[PDB]
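For this one, two forms of the same chain are given in structure tokens, first as structure 1 and then as structure 2.
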Structure 1
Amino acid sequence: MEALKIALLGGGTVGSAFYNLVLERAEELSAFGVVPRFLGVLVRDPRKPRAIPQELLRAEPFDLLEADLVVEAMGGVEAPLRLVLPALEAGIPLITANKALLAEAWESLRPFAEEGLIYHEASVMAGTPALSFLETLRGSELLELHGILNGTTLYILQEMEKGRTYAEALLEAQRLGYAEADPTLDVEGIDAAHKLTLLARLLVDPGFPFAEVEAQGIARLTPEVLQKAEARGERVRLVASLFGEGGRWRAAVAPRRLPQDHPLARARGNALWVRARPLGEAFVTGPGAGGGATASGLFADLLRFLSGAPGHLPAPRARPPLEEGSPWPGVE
């Protein structure tokens, strides 16, 4: 039996769900010969009422170098980056839920991802299998990928379809714990774009630049636009697409008019739809935001590490698209 020493960065929606999940599953962990021991939980304000014991809360400096794992759910880019890098350089793995971090700080983080030190299933579709799904898709060559990757905006669209207003659905999504602290990241497509970037790097090109993703959000959509789509036999969704144009991979996020019986239009939660050679058409759906959903992904990654598997390695090589593709039609 031995201790698994965890340093947790962040004690919010995701971090507090993860802390409690780890201790709630300590019986599972003992079956792996480990007992979990948090070293501390990095937070901003120790006095906020919080679902972690106050005594475990930390302010910087919070030394990470005795940890067996750093788990990060702080949000942002530069603040987590400067904390994780000393632990990665010491060969301590990072399990993260932070797409922005990975999308925007890849020059610093790619070399550690290439060594198997970064686990980030929870950074795309929370604990819904998205990264593990694509890793198994490597058996084939991608033809086209289309996903609904932002939980907050999916929620809002679904609620507007039912005749509810944008502003009340946003408020709900925020209370549900789905939204980024800057909700424009959600609604402008940027969080989806971060996630798309990560999917491109795992599968098609380990250097795919976040700057190349074209993104636009849901700010022109209303219950009326969505109700008219429904009348045309369509559903409008924000869709993140990776597809071939000109022998290069293109990545875009935008509202799309989907056929209403398409898998993406009928998804139960966030969804990833792919066509690949020779596999064919495959699909995965589930919750894509929320504290418990996300904690599940982080804990899956923790079990993955205890198994002796490396983290999520980028694509070993960049390859052009086999097939010219396109997205669905945009919204006028």
Structure 2
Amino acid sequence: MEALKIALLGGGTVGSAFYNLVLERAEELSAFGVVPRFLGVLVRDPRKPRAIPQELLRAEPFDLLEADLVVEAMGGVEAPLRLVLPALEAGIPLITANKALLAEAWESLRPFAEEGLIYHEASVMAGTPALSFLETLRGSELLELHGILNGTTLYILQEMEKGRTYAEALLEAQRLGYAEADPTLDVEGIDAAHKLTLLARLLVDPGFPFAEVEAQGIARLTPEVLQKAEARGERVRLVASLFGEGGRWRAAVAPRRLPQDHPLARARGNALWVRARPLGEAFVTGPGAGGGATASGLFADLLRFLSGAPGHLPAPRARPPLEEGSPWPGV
């Protein structure tokens, strides 16, 4: 039996659910040979009501070099980056839910990802299998990938289908915890674009640049646009696509018209659909946002680490696209 000393960065909805999940499942962890010992939880305001015991909270950065593991679910990019890098340079692994971080600081983070120090299942579709789904898909070669990767924009579209306005639906999405007070990253497709980047790096190109993704959000959509789609036997969804074009991989996020019985259109939750050679057509669905769903992913990654398995590796080298085969209707 050994102690697993954990530094948690972020005590929001994600960080709180992960804290409580770790302790609630400490009986599982002992089967893996450890007892969880949180060193501290970096938070913005330590005197705010929060579902973590108050004495464990830290308003200021603390030394991570004594941790066995860093778990991060902070907002943003540069501050978490600067906090995690000294831990990663010391060979301490990182489990993170921070898709922005990984999408936007990859020049700094790739060498540690290549060494198996970064676990980030929770950074795409929360605790729904997504990174692991693509790790198994690596048996095949990708022909086309389409996902519905953001929870907020799925929620808003579903509600606008029912005749709720954008604003009404957004307010609801904010109360359910899918969206922040400023939902810009969600509703402009940028969160889908960060997640799409990460999918690309795992499966097809370990250098894929976030800046190459072409992203458009849901701003042109209204209940009318959606009802008319429905009349045409279609549903409109914000889709994240990865496909070959003129010999290179291209990534796009945009509203797309789907057949109404397509797996993407029907899905229970966020979804990832792929067509690959020789496997064929495969699909995964589940919750893509929320504290408990995200914490599940972080905890799956902690078990992965405890079992002796390395983190999520980028593709070992860029793969060649097979189909230039390049799909679509936009709205």
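Between two forms, the rigid core is defined as the largest C-alpha subset superposing within 1.5 Å. Numbering for residues begins at 1 and runs along the sequence of structure 1.
- Annotation: the position in 181, 219, 211, 90 displaced by at least 2 Å at CA between structure 1 and structure 2, with the core superposed, corresponds to 181.
- Taking the core as reference, the C-alpha deviation of residue 126 between structure 1 and structure 2 is 0.2 Å.
- After superposing on the rigid core, the C-alpha of residue 319 is displaced by 1.6 Å between structure 1 and structure 2.
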